[PDB]
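Notes for the one structure printed next.
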Amino acid sequence: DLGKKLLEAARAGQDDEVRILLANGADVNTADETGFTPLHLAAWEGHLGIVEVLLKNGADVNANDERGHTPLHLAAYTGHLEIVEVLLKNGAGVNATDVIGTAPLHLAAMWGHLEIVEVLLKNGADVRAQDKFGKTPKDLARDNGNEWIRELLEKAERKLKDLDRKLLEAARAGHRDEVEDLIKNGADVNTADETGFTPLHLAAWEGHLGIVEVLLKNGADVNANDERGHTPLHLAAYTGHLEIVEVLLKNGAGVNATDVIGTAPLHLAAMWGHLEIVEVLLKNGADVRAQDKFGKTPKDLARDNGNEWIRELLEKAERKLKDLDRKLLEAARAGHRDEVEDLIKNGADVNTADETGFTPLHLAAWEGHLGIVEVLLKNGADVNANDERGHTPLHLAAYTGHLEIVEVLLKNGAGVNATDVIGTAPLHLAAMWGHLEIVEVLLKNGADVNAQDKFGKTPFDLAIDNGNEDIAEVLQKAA
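Going by the authors' numbering, the sequence shown opens with residue 13, and the numbers climb by one from there.
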């Protein structure tokens with residue numbers, strides 16, 4: 013229509029004819045099927061006059077297209093110095109990025125448009141911005157033999173590394189104004205010192221709520237680990253900065269992060285007596301059963317350090333979880349799949365055991381509830397768990413005669429030659445109880461045919477003794 017005539021006359025260089033369409037009401041910000049606009053094509057083709065005109069007639073300088081390319085991208089790709097200056101003066105997004113993360117500075121650094129690089133930096137371009145492949149403009153200029161550009165961008169970078177050192181000091185001291193100026197002048201909020209402390213670690217350790225929130229506003233990694241696995245939430249919870257604990261959680265902080273010693277935020281809060289932080293972490297899902305390398309839970313540290321209020325609080329949080337484990341054992345025996353998943357979501361231990369050592373996986377394999385077996389293996393249930401007499405779930409599957417469950421357990425590393433205290437292996441129970449299909453599977457998986465219970469009976473002997481000829485034959489041909 014009236015607009016399609018414009019986008020075409022914009023790439024043709026018909027300066028005088030552009031005035032005709034605009035006077036007759038042709039919209040200035042029309043778009044095609046790929047997203048291009050009269051300003052894109054005038055900047056791509058290098059028609060400065062047509063650009064300037066469209067800017068007096070109000071053209072969206074930062075207009076994006078189907079993949080987020082502004083007119084400045086196109087002027088940077090082609091290398092039109094003048095059009096770059098005219099687009100920036102009208103408020104062009106000097107740091108605009110496409111869907112790949114490519115900014116105008118990347119393009120000028122890759123195609124060797126030195127003058128445009130100077131221009132873009134003059135207007136506050138981000139020299140450190142990485143694209144999809146984690147490559148800065150300097151990286152591109154290096155990989156394309158543009159050494160004069162590589163030199164300039166490298167000078168820029170080392171200055172910005174001084175700002176990074178200052179930002180770390182400003183965040184520890186509490187100079188909120190210094191921090192904000194540093195960020196405004198390109199300092200990296202995710203920089204780290206020698207031991208991996210980022211500015212968020214230091215603001216969190218020292219208790220600077222304002223500086224914590226500013227760092228988070230500018231993309232700081234809330235979960236950054238230092239060289240020993242300590243996150244900002246560890247330091248907040250150690251020093252007892254309740255409000256920083258709250259802000260860190262609200263921004264994605266991991267409530268159960270563990271350092272190299274297995275210490276979690278709830279350990280420090282519990283050992284050092286920060287009741288409100290204990291409540292906040294529990295409210296946010298902290299694991300009360302987590303142990304450090306000394307087998308100590310937060311509860312143990314609490315009583316060990318004479319913090320009785322927190323001690324009782326964690327006892328009740330733990331007693332509540334014992335009842336879910338109890339429910340998981342009965343849910344796993346009865347075959348109620350949906351009930352199993354809910355109890356796991358709410359914190360049921362898939363490796364709890366009753367008085368005689370049966371685990372939810374034992375009961376599920378005994379009763380032939382395959383669906384629950386898969387759920388329990390997919391959530392970390394020990395596949396080679398012994399009860400108080402040495403029976404694994406693979407014992408209970410061969411005895412009962414569940415072919416499917418046997419193949420699953422073996423598919424997940426289940427011990428095939430496990431023996432109870434008597435010497436009975438899964439192959440004895442399969443041959444004993446006439447489950448030929450399970451015998452087959454066991455043989456393929458290295459089942460020992462020479463194993464003997466305390467009575468000196470091989471699986472072959474038990475097939476013979478119990479009148480299972482087909483099985484005795486199979487066990488005969490193997491040896």
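Note that CB positions come from ideal geometry on N, CA and C, so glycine has one too.
- Just measuring C-alpha positions, the residue of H220, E206, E225, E218 sitting nearest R240 is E206.
- At the C-beta level, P372 and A409 stay beyond 9 Å of one another.
- Between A71 and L51, the beta carbon gap of about 4 Å places them in contact (Cβ cut-off 8 Å).
- Runs of the alpha helix (DSSP H) spanning 4 or more residues and lying entirely within the segment 25 to 86 occur at 27 to 35, 50 to 57, 60 to 68, in chain order.
- Excluding the 5 residues flanking it on each side, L280 has same chain C-beta neighbours closer than 7 Å at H246, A249, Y250, in chain order.
- Under the 10 Å beta carbon count, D316 is surrounded by fewer than 16 other beta carbons and is classified as exposed.
- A302 and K328 have their alpha carbons spaced roughly 16 Å apart.
- In this structure, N363 keeps its C-beta atom at 9 Å or more from the C-beta atom of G318.
- Within the segment 344 to 384, complete alpha helix (DSSP H) segments of at least 4 residues are found at 349 to 357, 372 to 379, given in chain order.
- Counted as a single uninterrupted DSSP element, the alpha helix (DSSP H) harbouring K101 occupies residues 93 to 101.
- The segment 144 to 161 and the segment 173 to 181 do not touch, with fewer than 3 CB-CB distances between them shorter than 8 Å.
- Within the same chain, Cβ atoms closer than 8 Å to the Cβ of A377 are found at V385, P405, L406, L408, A409, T412, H414, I417, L421, the five residues on either side in sequence being excluded.
- Its chain contains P116 as the residues whose beta carbon lies nearer than 6 Å to that of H85, once the 5 sequence neighbours on both sides are disregarded; these appear in chain order.
- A443 counts as buried, since no fewer than 16 other beta carbons sit within 10 angstroms of its beta carbon.
- Within the segment 461 to 485, the complete alpha helix (DSSP H) segments of 4 residues or longer fall at 471 to 478, listed in chain order.
- Ranked by Cα distance from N263, the first of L228, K295, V290 is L228.
- Contact between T90 and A108 does not hold, since the beta-carbon distance rounds to 16 Å and is not under 8 Å.
- Taking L164 as reference, the option from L126, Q142, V191 with the minimal CA-CA separation is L126.
- With fewer than 16 neighbouring CB atoms inside 10 Å of its own CB, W321 falls in the exposed class.
- The beta carbon of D138 sits closer than 6 Å to the beta carbons of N107 from its chain, once the five residues preceding and following it are set aside; these are given in chain order.
- One thing to note: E225 has its Cβ no nearer than 9 Å to the Cβ of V257.
- In the same chain as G80, and ignoring 5 residues on each side of it, the C-beta atoms closer than 8 Å to its own belong to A108, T109, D110, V111, in chain order.
- In the structure shown, the three-state DSSP call for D155 is helix.
- By alpha-carbon distance to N76, the top candidate from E57, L100, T46 is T46.
- Apart from the 5 residues on each side of it in sequence, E291 sits with its Cβ closer than 8 Å to the Cβ of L325 in its chain, given in chain order.
- In the assembly as shown, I32 is an exposed residue. Its beta-carbon has fewer than 16 other beta-carbons within 10 Å.
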